[PDB]
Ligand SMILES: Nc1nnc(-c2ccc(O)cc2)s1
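Have a look below at one chain only, the form deposited without the named molecule, in structure tokens format.
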């Protein structure tokens, strides 16, 4: 049985997530701007749907036939605790709990980012402990368990260097 973690894939300047054998999601700003193929498939044959910082790829053949299709939703109810599935180039896996809030345009460092706001639940500092996000983590998925079903509801877009606030980019 393939774990959720096998779906998290290094991509461009960050990461993305296999929803099904043909559907891959990522953060718009990590996608290469010079490319003729992705994952060995010509761009000719890839449908790209971009909505702000959320991008969905639909391939015309099965790239990951080992996977079953997962539920993808447009964000989650306010107050849902998601996990952000962060992979690091050390080989570390860092699932971090995030309390999700409203859809909003928020001021994060310099910039306006639109998506579902969240607050990390790992406490005061990261302190140099594995407890917060870094810039290279963009495109990591937000997931939660609902009855028996895993749900993916967006991708990591931005975070304040001051610890607390993250933005999850969502579909549509």
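Positions refer to the first chain, counted from 1. Here the rigid core means the biggest group of C-alpha atoms that line up within 1.5 Å when the two forms are laid on top of each other. Only residues modelled in both forms are compared.
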**Request:** Report the stretch with the higher mean CA temperature factor, choosing between 23 to 31 and 123 to 131 on the basis of the entry.
**Result:** 123 to 131
**Prompt:** In the PDB record, does 98 to 106 or 78 to 86 carry the higher mean Cα temperature factor?
**Reply:** 98 to 106
**Prompt:** When you compare the CA B-factors of 69, 118, 42, 139 as listed in the entry, which one comes out on top?
**Reply:** 42
**Message:** Using only the C-alpha B-factors in the record, can you name which of 114, 61, 64, 145 has the highest?
**Reply:** 61
**Message:** How does the C-alpha B factor of residue 57 compare with the rest of the chain: lowest, middle or highest third?
**Reply:** middle
**Asked** Lowest, middle or highest third of the chain for the C-alpha temperature factor of residue 14?
**Response** lowest
**Message:** What third of the chain does residue 166 rank in for C-alpha temperature factor, lowest, middle or highest?
**Reply:** middle
**Asked** Sorting the chain's CA B-factors, does residue 172 end up in the lowest, middle or highest third?
**Response** highest
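Same protein, other form: the form deposited with the named molecule bound, not shown, and the subject of what follows.
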**Asked** Taking heavy atoms only, is residue 19 within 4.5 angstroms of the named molecule in the deposited complex?
**Response** yes
**Item:** Any non-hydrogen atom of residue 56 within 4.5 angstroms of the named molecule in the deposited complex
**Value:** yes
**Asked** Would residue 151 sit within 4.5 Å of the named molecule in the deposited complex, counting heavy atoms only?
**Response** no
**Request:** Using a 4.5 Å heavy atom cut-off, state whether residue 69 contacts the named molecule in the deposited complex.
**Result:** yes
**Prompt:** Taking the named molecule in the deposited complex, which residues of 139 to 172 have any heavy atom within 4.5 Å of it?
**Reply:** 171
**Complete:** Counting only common residues, the segments between this form and the one not shown where three or more consecutive C-alphas all move by 2 Å or more on the rigid core are 162 to 164
